[PDB]
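Reading through the structure tokens given below for one structure.
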Amino acid sequence: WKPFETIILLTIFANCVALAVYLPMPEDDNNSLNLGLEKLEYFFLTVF
Amino acid sequence: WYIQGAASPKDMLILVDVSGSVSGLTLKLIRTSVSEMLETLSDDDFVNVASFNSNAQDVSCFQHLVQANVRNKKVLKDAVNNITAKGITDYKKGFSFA
Ligand SMILES: [Ca+2]
């Protein structure tokens with residue numbers, strides 16, 4: 001009805017901040033926030 | 001002459017960070033610092049050189065602290081040069097190995 005159109009609009013804004021805060025590092029090197037951000041991708045992959 | 005009377009002899013151990021982030025201008029700088037750091041070393045000083053990226057290997061053939069005479073230093077300054085950066089940084093296996 002009303003909020004399912006706007007919780008999935010709030011989910012997607014939270015997916016765009018997770019792509020923003022990703023930090024690309026050379027040669028397969030990762031800090032510890034990039035590891036917790038690929039554990040967020042799985043949660044954003046099922047909601048969608 | 002200045003160095004021997006500056007300070008007492010010493011067993012040093014150079015760690016080199018070889019994780020992927022270092023590759024670039026920074027990796028280039030490290031190979032020239034370690035060679036530079038060695039110039040400082042003397043015969044009475046012992047020294048080995050290790051390197052870590054999620055495992056700590058040792059840069060050359062030595063595996064213990066060696067006398068850092070003209071020859072030994074020449075081996076270490078020739079293995080510091082060929083290093084390639086790849087992999088995850090691990091300061092825990094780098095200081096255990098040290
Ligand atoms: Ca690193």
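Labels used: A, B, ... for chains in the order of the structure tokens, numbers from 1 for residues in each chain, and numbers from 1 for ligands as shown.
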
Where does chain A meet chain B within 9 Å, residue by residue, with the nearest atom pair and distance in Å to one decimal for each, counting only C-alpha atoms, listed by chain and rising number, as CSV?
residue,atom,partner,partner_atom,distance
A:25,CA,B:21,CA,6.1
A:26,CA,B:21,CA,5.2
A:27,CA,B:20,CA,4.5
A:28,CA,B:87,CA,6.1
A:29,CA,B:88,CA,5.0
A:30,CA,B:88,CA,6.6
A:31,CA,B:88,CA,8.6

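Around residue 80 in chain B, within 9 Å and counting only C-alpha atoms, the residues found are residues 16, 30, 31, 32, 34, 35, 49, 59, 60 and 75 of chain B, once anything fewer than 5 positions away on its own chain is removed.
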
List the spatial neighbours of range 6-18 of chain A as an NGL selection string - criterion: any atom at most 9 Å away, only C-alpha atoms, same-chain residues fewer than 5 positions off excluded. :A and (37 or 40-41 or 44 or 47-48)

When DSSP is applied to the backbone of this structure, which of chain B are assigned strand (DSSP E or B)? Write them out as number ranges by chain. B: 11-17, 46-52, 56-58, 66

Go ahead and save the residues from that selection, with N, CA, C and O atoms, as an mmCIF file, in the first residue's frame.
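Writing done, so here's result_10.cif:
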data_model
loop_
_atom_site.group_PDB
_atom_site.id
_atom_site.type_symbol
_atom_site.label_atom_id
_atom_site.label_comp_id
_atom_site.auth_asym_id
_atom_site.auth_seq_id
_atom_site.Cartn_x
_atom_site.Cartn_y
_atom_site.Cartn_z
ATOM 1 N N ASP B 11 71.562 -5.535 16.868
ATOM 2 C CA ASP B 11 70.925 -6.576 16.082
ATOM 3 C C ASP B 11 69.627 -6.043 15.558
ATOM 4 O O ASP B 11 68.628 -6.125 16.235
ATOM 5 N N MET B 12 69.606 -5.512 14.356
ATOM 6 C CA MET B 12 68.351 -5.002 13.859
ATOM 7 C C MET B 12 67.651 -6.015 12.987
ATOM 8 O O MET B 12 68.149 -7.100 12.812
ATOM 9 N N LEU B 13 66.498 -5.672 12.442
ATOM 10 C CA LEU B 13 65.725 -6.633 11.698
ATOM 11 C C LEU B 13 64.743 -5.782 10.941
ATOM 12 O O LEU B 13 63.870 -5.217 11.568
ATOM 13 N N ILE B 14 64.877 -5.661 9.643
ATOM 14 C CA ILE B 14 64.064 -4.725 8.888
ATOM 15 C C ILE B 14 62.801 -5.461 8.492
ATOM 16 O O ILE B 14 62.882 -6.506 7.862
ATOM 17 N N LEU B 15 61.634 -4.954 8.848
ATOM 18 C CA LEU B 15 60.430 -5.512 8.264
ATOM 19 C C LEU B 15 60.016 -4.689 7.085
ATOM 20 O O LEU B 15 60.059 -3.472 7.122
ATOM 21 N N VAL B 16 59.540 -5.329 6.057
ATOM 22 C CA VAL B 16 59.086 -4.619 4.900
ATOM 23 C C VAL B 16 57.625 -4.956 4.701
ATOM 24 O O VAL B 16 57.264 -6.125 4.638
ATOM 25 N N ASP B 17 56.768 -3.958 4.542
ATOM 26 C CA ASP B 17 55.360 -4.240 4.300
ATOM 27 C C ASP B 17 55.186 -4.420 2.796
ATOM 28 O O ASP B 17 55.461 -3.511 2.026
ATOM 29 N N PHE B 46 74.497 -6.853 13.625
ATOM 30 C CA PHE B 46 73.932 -7.983 12.901
ATOM 31 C C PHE B 46 72.610 -7.552 12.329
ATOM 32 O O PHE B 46 71.972 -6.692 12.887
ATOM 33 N N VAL B 47 72.196 -8.130 11.217
ATOM 34 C CA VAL B 47 70.978 -7.687 10.593
ATOM 35 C C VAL B 47 70.421 -8.672 9.614
ATOM 36 O O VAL B 47 71.151 -9.290 8.873
ATOM 37 N N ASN B 48 69.113 -8.841 9.639
ATOM 38 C CA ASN B 48 68.420 -9.672 8.673
ATOM 39 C C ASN B 48 67.291 -8.843 8.063
ATOM 40 O O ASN B 48 67.024 -7.746 8.500
ATOM 41 N N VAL B 49 66.619 -9.328 7.040
ATOM 42 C CA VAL B 49 65.554 -8.502 6.483
ATOM 43 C C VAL B 49 64.375 -9.408 6.166
ATOM 44 O O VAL B 49 64.518 -10.341 5.388
ATOM 45 N N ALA B 50 63.218 -9.136 6.745
ATOM 46 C CA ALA B 50 62.016 -9.919 6.540
ATOM 47 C C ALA B 50 61.029 -9.086 5.754
ATOM 48 O O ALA B 50 61.259 -7.927 5.503
ATOM 49 N N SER B 51 59.891 -9.680 5.408
ATOM 50 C CA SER B 51 58.880 -9.003 4.611
ATOM 51 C C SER B 51 57.572 -9.729 4.804
ATOM 52 O O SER B 51 57.568 -10.942 4.775
ATOM 53 N N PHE B 52 56.470 -9.017 4.975
ATOM 54 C CA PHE B 52 55.180 -9.650 5.243
ATOM 55 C C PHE B 52 54.067 -9.172 4.320
ATOM 56 O O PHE B 52 53.994 -8.001 3.981
ATOM 57 N N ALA B 56 54.762 -13.937 6.744
ATOM 58 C CA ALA B 56 56.086 -13.354 6.746
ATOM 59 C C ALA B 56 57.081 -14.383 6.257
ATOM 60 O O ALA B 56 57.371 -15.357 6.940
ATOM 61 N N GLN B 57 57.563 -14.163 5.058
ATOM 62 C CA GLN B 57 58.753 -14.756 4.512
ATOM 63 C C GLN B 57 59.936 -13.898 4.889
ATOM 64 O O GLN B 57 59.774 -12.801 5.397
ATOM 65 N N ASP B 58 61.141 -14.378 4.588
ATOM 66 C CA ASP B 58 62.360 -13.605 4.809
ATOM 67 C C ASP B 58 62.915 -13.336 3.427
ATOM 68 O O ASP B 58 63.063 -14.240 2.628
ATOM 69 N N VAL B 66 72.607 -12.025 10.384
ATOM 70 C CA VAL B 66 73.923 -12.285 9.842
ATOM 71 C C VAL B 66 74.760 -11.033 10.031
ATOM 72 O O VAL B 66 74.245 -9.997 10.391
#

Using the chain letters and numbers from this document, which residues of range 14-68 of chain B does DSSP assign to alpha helix (DSSP H), as a PyMOL selection string? chain B and resi 25-39

Dump as an mmCIF file, in the first residue's frame, selection limited to N, CA, C and O atoms:
data_model
loop_
_atom_site.group_PDB
_atom_site.id
_atom_site.type_symbol
_atom_site.label_atom_id
_atom_site.label_comp_id
_atom_site.auth_asym_id
_atom_site.auth_seq_id
_atom_site.Cartn_x
_atom_site.Cartn_y
_atom_site.Cartn_z
ATOM 1 N N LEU B 25 54.086 4.372 -6.008
ATOM 2 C CA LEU B 25 55.191 5.250 -5.666
ATOM 3 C C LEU B 25 55.796 4.848 -4.328
ATOM 4 O O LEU B 25 57.006 4.889 -4.155
ATOM 5 N N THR B 26 54.947 4.449 -3.387
ATOM 6 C CA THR B 26 55.391 4.044 -2.054
ATOM 7 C C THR B 26 56.296 2.808 -2.042
ATOM 8 O O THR B 26 57.260 2.761 -1.294
ATOM 9 N N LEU B 27 55.987 1.808 -2.857
ATOM 10 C CA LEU B 27 56.811 0.605 -2.922
ATOM 11 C C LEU B 27 58.195 0.965 -3.432
ATOM 12 O O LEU B 27 59.192 0.413 -2.993
ATOM 13 N N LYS B 28 58.241 1.894 -4.377
ATOM 14 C CA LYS B 28 59.490 2.351 -4.964
ATOM 15 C C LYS B 28 60.378 2.986 -3.904
ATOM 16 O O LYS B 28 61.585 2.775 -3.887
ATOM 17 N N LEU B 29 59.771 3.770 -3.025
ATOM 18 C CA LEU B 29 60.479 4.438 -1.935
ATOM 19 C C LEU B 29 61.089 3.500 -0.890
ATOM 20 O O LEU B 29 62.168 3.764 -0.380
ATOM 21 N N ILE B 30 60.385 2.424 -0.553
ATOM 22 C CA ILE B 30 60.852 1.463 0.454
ATOM 23 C C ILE B 30 62.155 0.729 0.107
ATOM 24 O O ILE B 30 63.006 0.536 0.964
ATOM 25 N N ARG B 31 62.299 0.323 -1.145
ATOM 26 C CA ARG B 31 63.480 -0.368 -1.635
ATOM 27 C C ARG B 31 64.726 0.485 -1.532
ATOM 28 O O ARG B 31 65.828 -0.058 -1.532
ATOM 29 N N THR B 32 64.578 1.792 -1.452
ATOM 30 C CA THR B 32 65.666 2.749 -1.425
ATOM 31 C C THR B 32 65.957 3.201 -0.015
ATOM 32 O O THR B 32 67.084 3.555 0.300
ATOM 33 N N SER B 33 64.959 3.131 0.851
ATOM 34 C CA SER B 33 65.172 3.340 2.271
ATOM 35 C C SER B 33 65.932 2.179 2.897
ATOM 36 O O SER B 33 66.838 2.400 3.695
ATOM 37 N N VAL B 34 65.544 0.937 2.602
ATOM 38 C CA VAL B 34 66.202 -0.226 3.213
ATOM 39 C C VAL B 34 67.655 -0.320 2.777
ATOM 40 O O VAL B 34 68.540 -0.555 3.594
ATOM 41 N N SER B 35 67.910 -0.034 1.509
ATOM 42 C CA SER B 35 69.277 -0.014 1.036
ATOM 43 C C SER B 35 69.990 1.094 1.812
ATOM 44 O O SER B 35 71.125 0.930 2.242
ATOM 45 N N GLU B 36 69.314 2.225 1.984
ATOM 46 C CA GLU B 36 69.852 3.363 2.727
ATOM 47 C C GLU B 36 70.063 3.068 4.205
ATOM 48 O O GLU B 36 71.046 3.489 4.795
ATOM 49 N N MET B 37 69.120 2.349 4.796
ATOM 50 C CA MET B 37 69.168 1.985 6.204
ATOM 51 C C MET B 37 70.384 1.113 6.488
ATOM 52 O O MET B 37 71.023 1.237 7.526
ATOM 53 N N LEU B 38 70.687 0.219 5.556
ATOM 54 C CA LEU B 38 71.824 -0.686 5.663
ATOM 55 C C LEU B 38 73.194 0.009 5.679
ATOM 56 O O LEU B 38 74.095 -0.406 6.394
ATOM 57 N N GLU B 39 73.342 1.052 4.873
ATOM 58 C CA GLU B 39 74.575 1.805 4.738
ATOM 59 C C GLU B 39 75.029 2.114 6.154
ATOM 60 O O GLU B 39 76.214 2.119 6.467
#

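Distances from A:46, A:32, A:2, A:22 to ligand 1 were compared using only C-alpha atoms and all ligand atoms, and the smallest one belongs to A:32.
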
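Between CA of residue 44 in chain B and CA of residue 61 in chain B the interatomic distance comes to 20.5 Å.
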
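Interatomic distance, CA of residue 36 in chain A against CA of residue 19 in chain A: 12.2 Å.
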
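Atom pair CA of residue 73 in chain B / CA of residue 96 in chain B has a distance of 23.5 Å (rounded to one decimal).
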
Rank nothing, just name the residue among B:40, B:4, B:54, B:81 nearest to ligand 1, using only C-alpha atoms and all ligand atoms. B:54

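In terms of minimum interatomic distance to ligand 1, B:18 ranks closest within B:18, B:8, B:77, B:92, counting only C-alpha atoms and all ligand atoms.
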